[PDB]
Structures are given as structure tokens and as C-alpha cells.
Amino acid sequence: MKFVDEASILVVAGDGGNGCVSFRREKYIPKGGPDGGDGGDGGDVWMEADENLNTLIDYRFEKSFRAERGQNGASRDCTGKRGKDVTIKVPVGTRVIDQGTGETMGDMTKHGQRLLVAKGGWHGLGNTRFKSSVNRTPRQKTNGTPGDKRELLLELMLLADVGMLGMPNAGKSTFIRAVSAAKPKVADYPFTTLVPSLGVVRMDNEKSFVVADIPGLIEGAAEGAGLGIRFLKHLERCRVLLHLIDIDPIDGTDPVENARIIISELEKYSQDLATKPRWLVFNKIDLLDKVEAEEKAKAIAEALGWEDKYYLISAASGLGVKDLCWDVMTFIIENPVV
Amino acid sequence: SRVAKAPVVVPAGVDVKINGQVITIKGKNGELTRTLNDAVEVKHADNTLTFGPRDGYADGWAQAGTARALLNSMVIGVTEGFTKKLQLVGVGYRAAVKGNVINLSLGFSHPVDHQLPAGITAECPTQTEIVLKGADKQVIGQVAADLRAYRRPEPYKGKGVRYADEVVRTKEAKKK
Amino acid sequence: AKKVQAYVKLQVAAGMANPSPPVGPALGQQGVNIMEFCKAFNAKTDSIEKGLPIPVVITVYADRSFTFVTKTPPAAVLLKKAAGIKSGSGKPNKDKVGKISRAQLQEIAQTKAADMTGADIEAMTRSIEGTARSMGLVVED
Amino acid sequence: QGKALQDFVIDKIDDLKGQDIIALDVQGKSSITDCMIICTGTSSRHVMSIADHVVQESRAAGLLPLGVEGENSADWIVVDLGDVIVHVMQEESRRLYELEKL
RNA sequence: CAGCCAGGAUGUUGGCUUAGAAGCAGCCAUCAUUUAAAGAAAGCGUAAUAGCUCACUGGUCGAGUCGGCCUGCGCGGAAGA
């Protein structure tokens with residue numbers, strides 16, 4: 001229902017504590033043992049996953065995260081305290097990119113598992129750790145090593161198994177207004193969609209059908225009324241993808257003859273994501289003849305070159321939506337990762 | 001200061017009785033009295049009411065100008081009264097008035113009964129509206145505030161009890 | 001031009017066929033039909049010429065149909081099909097982008113049926129050029 | 001109130017797809033309960049959800065449940081109706097425990 | 001001076017190296033036709049039509065009012081066993 005923002009974070013790993021140089025000559029004897037032992041290991045920045053959050057708005061406001069430095073050594077061999085581990089809570093479905101080696105180090109897929117993105121420092125050593133008889137005056141110290149200086153670029157993808165790509169306001173948001181709980185703003189005025197939204201369908205226990213809807217765009221890398229292309233990166237991870245084309249629009253572009261462009265638009269990103277399999281479904285049939293649409297759907301599907309099993313569903317009134325309800329499960333449960 | 005320089009006009013049939021620093025404003029629609037701050041001089045002229053400061057007081061005109069403001073508000077209460085409108089917005093929010101008690105079902109685990117003062121009454125034109133009626137602005141303002149404090153309007157959907165003139169801005173936090 | 005109820009006007013052209021990408025169904029949703037764009041709107045525009053955009057008010061109170069009257073088309077399009085270049089600025093004010101003539105836009109600006117402010121001819125002569133020579137043109141009036 | 005409650009249990013347990021229902025009589029072997037009902041749920045959420053139904057129906061039947069065990073783990077969930085104890089739990093763990101021999 | 005009742009318009013969705021930008025971080029001249037005045041422009045801000053306010057002007061009660069400098073004495077800054 002609300003906006004989405006993605007940004008990059010600057011995180012610094014805490015450097016280890018510094019060794020202390022001091023001596024133990026308390027009251028009467030000037031010549032006594034040294035004081036000052038270990039320092040303190042620097043803090044470790046962890047990557048905490050929360051299913052309670054979905055956005056990264058809280059990252060541009062505070063961009064620098066400072067892990068606490070290891071406490072320095074003190075007298076009477078009082079070793080320093082280890083730096084506390086600051087944990088950054090991130091919505092599930094984030095990628096990590098490092099400046100320089102700009103690759104993906106980890107994928108946020110399972111909630112409640114922690115990742116280490118900044119190795120802490122190492123504590124220093126005081127004079128007590130270095131006390132000797134060769135020097136006869138132990139006063140040397142070792143500084144703490146600097147922490148792992150890594151900069152993270154965060155890319156977000158929402159947790160959804162079924163995607164939604166199609167023509168502007170062609171029924172993508174109307175399909176969400178089905179038995180799915182989520183109900184975005186849906187009508188027949190222009191595009192009407194400014195927020196990616198996902199809903200669920202409850203069929204039986206321990207059966208998930210999370211489906212997400214994202215804003216679509218027309219004529220490839222072009223925008224109609226202010227909507228950018230950044231809504232696409234929420235896609236391109238879902239395990240199953242479906243596609244719909246509006247039929248007989250009042251003022252829209254001609255039939256699927258134009259949708260041949262859409263394939264190029266999907267190929268436009270980098271590689272069409274290795275040509276992921278597509279499923280075609282129709283929408284807005286109740287305004288035409290069902291008996292006539294049967295020949296229409298068969299002819300229009302063979303027109304583009306798609307010789308697979310398509311779906312003819314009028315989701316505006318929720319008619320014939322059940323056939324798509326069960327066949328998607330057979331694709332999901334029977335085809336796990338291998 | 002100069003506000004007190006302009007006398008306040010009182011209608012016909014209302015009697016003003018002054019016994020020093022206490023003023024009596026008996027009227028058609030109320031029975032109330034209020035006392036001054038000992039720093040204001042009041043005179044009973046023709047059908048107006050003038051005010052002035054007192055010698056030896058540093059505040060002087062500042063307190064005198066307040067006398068016109070409060071006493072003017074007392075004129076409307078004893079003649080037509082002051083009306084305040086409260087509306088309840090949201091599902092499951094029901095309001096009703098039983099005698100001198102308003103029963104509020106504000107989504108709590110128990111119902112809320114508010115004891116209004118002697119000279120304040122409420123009516124229920126509909127189930128989601130409370131019409132506060134009174135003759136003194138001070139008492140009617142607080143009882144509306146006391147009623148508003150139970151279910152202070154949250155700033156995201158406007159849900160709660162709100163004033164008629166008051167508008168509550170809605171903002172989005174944790175954008176998705 | 002009376003009061004509230006949201007007078008609106010959206011257009012890209014009147015010669016073409018109500019495009020979806022640029023404006024779409026935003027030409028009326030609170031009592032304005034989308035199929036009536038070629039029923040009564042195309043009653044006097046289709047008989048003269050189809051080459052210019054046209055604003056129009058809606059002015060519907062509670063009726064199913066509309067009861068508005070068309071008016072003049074904008075003068076911001078006369079500089080493209082009747083005065084010169086189509087694309088336009090480029091670099092708006094790094095040089096002398098365009099060219100105009102005093103005799104230009106004299107009879108073209110007088111083809112308006114009835115939308116004036118004052119009946120003086122001299123006063124309205126330089127009213128249109130206010131829209132002009134803001135494009136990066138040169139005036140030789 | 002002997003025979004009535006299990007019939008009040010068997011009818012409600014079958015309404016939400018309670019498969020492989022067995023009516024047992026542990027009178028004499030155990031001195032803690034009168035009888036127990038054993039049943040299988042298809043999924044963990046199925047066991048968790050059906051646990052709410054029996055508690056809500058029991059609370060609408062006047063009697064107050066004496067205890068529940070389902071907490072962040074749906075493999076084994078049980079509720080109490082006083083004399084009668086029902087065992088809504090997963091098939092996979094049912095083979096590990098005893099059946100019809102307690 | 002500040003209050004209160006109004007206008008707050010016409011080219012004008014100003015076109016545009018504008019993906020849209022109708023007043024808004026890009027773009028420009030910054031003019032100009034009717035009036036008592038009202039800005040291609042002040043903002044809260046929608047996905048754009050937007051919803052409303054303000055700048056300037058009219059009327060109303062009527063005599064002080066507007067915002068800058070220097071200086072004495074005053075407040076916060078000023079929490080420990």
C-alpha cells in the first residue's frame with residue numbers, strides 16, 4: 001500500500017583494543033610488576049533477517065554503522081571488554097554487493113538465520129603480556145588490528161513464489177482482488193498501480209500460494225506517466241511466472257500482435273533470465289461471448305507461436321479461477337529444487 | 001490591554017452583580033459565578049461593561065484585557081450557550097448517553113462511563129456523534145478534551161474520537 | 001467557469017482515436033462514458049478539420065450523458081503545423097532557435113470562433129505572441 | 001456423561017477430516033484418564049488448526065478445557081476435556097510412539 | 001498593523017534537448033490580452049487530472065503601527081555522590 005526504497009549501507013568493523021603500558025608499584029616499593037594485559041576484540045556486525053519488515057527506508061537516514069571499539073587495557077592487568085555485536089535487521093529477500101568485488105555473497109531466503117558481514121578486530125597485548133628480563137624495562141605495546149572494512153550494497157526482492165507481469169491495468173491488480181486477502185486499489189481508470197503488493201490464497205494447511213503483483217511498463221524501457229523501471233527488480237526471482245494480455249481494449253493497443261514486443265521487453269533486461277518458462281492466462285472475458293471466445297483464444301494463442309496449454313479465465317467476476325488454483329500447485333510441489 | 005478599552009455589550013434581561021472582585025452573570029441558560037484576580041477594576045456603566053488596570057501593579061493592562069475576554073465568553077453561554085460536536089469514527093465504536101452519563105465502547109475490555117459536571121449535557125443525534133452543550137467555555141472545553149483523551153486520534157487512519165473542526169493528517173510509516 | 005465539481009480538460013490530439021498510453025481512460029470516470037468520445041464530440045469537429053488538440057469542459061451534474069460546448073483550440077500547436085519546426089527547443093536559449101513574422105499568426109489567430117478577452121483587435125494581436133517567443137524565437141513585429 | 005462425550009468428540013473430529021479414528025477403552029490400565037482418542041492430521045498446520053476447533057467447541061459446550069500443549073510445535077498437540085483426552089498429532093511421529101497398546 | 005467577508009482569472013495542461021510533469025529539484029523568456037487588483041507564480045502535497053491556502057486587490061471596526069542597531073540589570077547553558 002506504500003512506497004518502496006532501496007539503498008546502500010556503510011558498515012565498519014570494530015578494530016581490536018589497544019595494549020596498555022603501566023606498572024604495579026602501589027605504596028612502598030617503587031619497583032614492582034607491570035600492569036596492563038589484553039585489550040578487547042572489536043565488535044562483529046551481523047546480518048539479522050526479519051519477516052516483520054519489508055522495506056529499507058531506515059538505511060538512508062542512518063547510513064554509517066559504527067561497531068563499538070574494543071576496550072583498551074587498564075592497570076592491575078584489567079583486560080578490556082569485547083566490543084558488542086551490533087546487528088542490522090534486514091527484510092528477508094536482500095542481496096549483498098561489495099564495492100570492488102561486486103558480486104553476490106549471500107541470498108536472503110530463509111528467515112531467522114544470521115550472516116556475518118564484518119569480521120571483528122583482534123585485541124592488543126600489554127606490557128604484562130610482554131614482560132621480560134632482556135629489556136629490564138618492559139614498556140612496549142602492540143596496537144589492535146583494524147577490522148574488516150566492507151561496504152554493502154543492498155538489493156531487495158520480496159518473498160513470493162508466483163509473479164505478476166503484464167500490460168498496464170490489464171487485470172494484474174484485479175487478479176489480486178480474488179480470494180486473495182490483499183486488495184490493492186483496482187479500477188478501470190489509468191494504470192492505478194504505484195505499489196508492489198503480494199497476497200496469499202488459503203486452500204489447505206501448510207500450503208502456500210504467495211503471489212506478488214508489480215507495476216508493468218509499455219514499449220520496453222519507456223515510461224508513460226511517471227512510473228520508473230525500478231519496479232522490475234522485485235521480479236526475476238519467483239519460481240513460477242504467469243502472463244496475461246488484455247483482450248479487446250476500448251482504447252488500448254491491438255491484440256497479442258503487439259505482445260511480441262513484450263517478449264523483447266523481457267529480453268531487454270539482460271538476457272530474459274535464461275528464457276524462464278512462461279504461462280499465459282487471459283482476463284476480461286465476461287464482456288464478450290464465451291462460446292465465441294473459445295475460437296478467439298485458440299486462434300490468438302497460435303498466432304504468436306505459443307503451442308502450449310493456455311488458460312482462459314475471467315477473473316473480473318471470479319469465474320473459472322479454480323482451474324488455475326490447483327494446476328499451479330502440481331507445478332510447485334512436484335518440482336522441487338534439484 | 002487595549003482589548004479591555006473596548007467595552008463588551010451584554011443583551012437585555014441579564015443581570016450583572018458585583019460584590020467587589022466577584023461577578024454574578026445569572027442568565028437564561030445557566031447559573032454560574034466567577035471571581036476576578038484582584039488586579040482589575042470594573043465599573044457598572046450603561047448597557048456595556050468597561051475594564052481597567054489597578055495602580056501599583058506592574059502587569060496592569062495585561063490582566064485587564066483578560067477580563068473582557070472571559071466575560072464576553074460568559075455572555076453567549078447565558079443567552080444561547082456553547083455547543084461542541086464529537087464524532088466517533090471506526091468499526092465497533094458505539095456511543096450513547098444515559099442520564100448524565102455517556103457509555104463508550106471504544107474497543108476496550110470494559111465499557112467507559114464518564115461523569116459530566118452539573119451544567120454540561122450531551123445528546124446523541126446518531127450512534128457516532130456526541131453533541132456537547134454548555135454555558136461555560138472552560139468546563140465544556142475540558143470535558144471534550146477528557147472525552148478525547150480516552151481514544152486520542154491515531155495519526156495513520158484517523159481512527160478515534162475527534163473534534164468537528166479538528167482535522168487529523170494521515171501519514172505512512174514503514175512504507176510497505 | 002462557475003464553481004466546484006472539477007472542470008477538467010485532457011487532450012493530445014483530436015484527429016486520432018483517443019489514445020491509451022498518453023492519457024488513457026482519464027477522460028472521465030464520475031459519469032462520463034468512454035464510448036461517447038465519438039458520438040457527440042465528433043459532431044462538428046469531424047466536419048471542418050482534424051489536426052489540432054482541443055480542450056473541453058465536462059459540466060455534468062447528475063445526467064448520464066454530457067451537456068458541454070466545444071471552444072477554441074490552443075494556440076501552442078499553431079507554431080508547429082503552421083509556423084515552422086515540429087520538434088522545438090533543443091537548447092532553448094544557447095542561440096536564436098527559431099523565427100517568426102509579424103504577418104504570421106494573424107489570420108490563424110483570428111479563426112477562433114468565440115473565446116476572447118476584450119473586443120479590441122489591436123489588444124488581442126499581441127496576446128497570442130505571449131505564448132510565442134518563449135520557445136527561443138526571435139520577434140520581428 | 002460416559003458415552004456422550006466421545007460421541008460429541010467423534011462427530012466433531014470427523015468434520016475436519018479426522019482420519020483413522022479409533023475408540024479405545026483404557027479403563028483399568030491407566031488411573032489418570034477414562035479413555036483416549038487417537039487420530040492423524042495431514043500437516044502440522046492441520047493439527048494446529050484443528051486444535052483450536054476442539055477447544056472453541058468445548059468452550060461453547062460449557063465444559064472448560066483442563067490444558068493444551070501446542071506451543072511453537074505442531075508435531076504433537078493435545079487438549080483436555082476432563083475425562084476424555086484426544087491426541088491430534090502427525091502421522092510421521094505416530095509410528096515412533098505406541099498405537100492401540102497403551 | 002493584525003483580524004473577518006470575497007476575487008484569487010484569460011492565452012494557460014505555456015511549449016519543451018521534455019519517458020509524464022497541468023505552478024513545483026531539469027528548461028526559458030518572465031511578457032501579456034478583460035477588469036478594483038490576482039503571479040507561465042508563494043505550499044500542504046496525489047500516479048496526472050488534483051483537493052485548498054497564500055502573494056496582490058475590494059469592503060468592514062478604527063489611530064497608532066511596522067523591524068533593525070547600541071547599552072545596564074536579568075534566563076537557559078550550570079549533573080556527584
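Determined by electron microscopy, 3.5 Å, according to the entry header.
Every residue gets a Cβ built from N, Cα and C, even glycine.
Residues or ranges marked as domain 'Obg' by Swiss-Prot: A:1-159. The region 'Disordered' annotation in Swiss-Prot covers A:127-147. Summarising the annotation, Swiss-Prot assigns domain 'G' to A:162-284 and lists sequence analysis as the type of evidence. Feature annotation from Swiss-Prot assigns GTP binding site to A:166-173, A:191-195, A:213-216, A:283-286, A:314-316; the stated evidence is sequence analysis. If you look up Swiss-Prot, you'll see A:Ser173, A:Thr193 marked as Mg(2+) binding site, on the strength of sequence analysis.
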Same-chain residues at least 6 beyond the ends of the region 'Disordered' (A:127-147) whose Cβ lies under 8 Å from its Cβ atoms: 12-23, 33-40, 42-43, 67, 70, 77, 118-121
Binding-site residues compared (A:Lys172, A:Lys284) - the one with the fewest other Cβ atoms within 10 Å: A:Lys284
Residue distribution over DSSP helix, strand and coil in the region 'Disordered' (A:127-147): 4 helix, 1 strand, 16 coil
Assigned element (helix, strand, coil) containing A:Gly166 (GTP binding site), judged by DSSP: strand
Rounded to the nearest Å - Cα separation of A:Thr193 (Mg(2+) binding site) and A:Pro215 (GTP binding site): 6
A:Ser314 (GTP binding site) in three-state DSSP notation: strand
Length of the line joining the Cα atoms of A:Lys284 (GTP binding site) and A:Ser173 (Mg(2+) binding site), in Å: 12
Three-class DSSP secondary structure - A:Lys172 (GTP binding site): helix
Against chain B, in sequence order - binding-site residues A:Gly166, A:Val195, A:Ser314 with Cβ under 8 Å: A:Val195
Euclidean distance between Cα atoms of A:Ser173 (Mg(2+) binding site) and A:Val195 (GTP binding site), Å: 11
